[PDB]
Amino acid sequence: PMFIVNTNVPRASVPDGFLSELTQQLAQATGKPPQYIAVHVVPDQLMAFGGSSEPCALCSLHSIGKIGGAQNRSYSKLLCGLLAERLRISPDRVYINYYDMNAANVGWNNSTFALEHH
């Protein structure tokens, strides 16, 4: 699982432990061990949301499975809550794109997660 946050919030406003908190929370939420989880936060971005440059975030979550209607709603509540609490971004100025990745289309460690066939 991989979570990316792009925001116009300044770098100094990103709490020091934010990456670890996202990692732990995403581990719990996805049921995947933390060792698999990647997080990427990009502050100070030039963005508009609804024509306004008030604090906002455009995000993506990639996962192999564990993606879908009810699950995604749960992720949104969790992640909007963290962005609101830690970065002070209103949940209605956050977008999160969810991607259900096929194991064959995720590369890692010189190979992919499609190990079953040649």
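Numbers for residues come from their place in the sequence shown, where the first is 1.
The question of which stretch, 98 to 106 or 13 to 21, has the higher mean Cα B factor is settled in favour of 13 to 21. The stretch 83 to 91 shows the higher mean C-alpha B-factor when 40 to 48 is compared against 83 to 91 in the entry. When the CA B factors of the chain's modelled residues are split into thirds, the value for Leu26 lands in the middle one. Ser60: CA B factor in the lowest third of modelled residues in this chain (values from the PDB entry).
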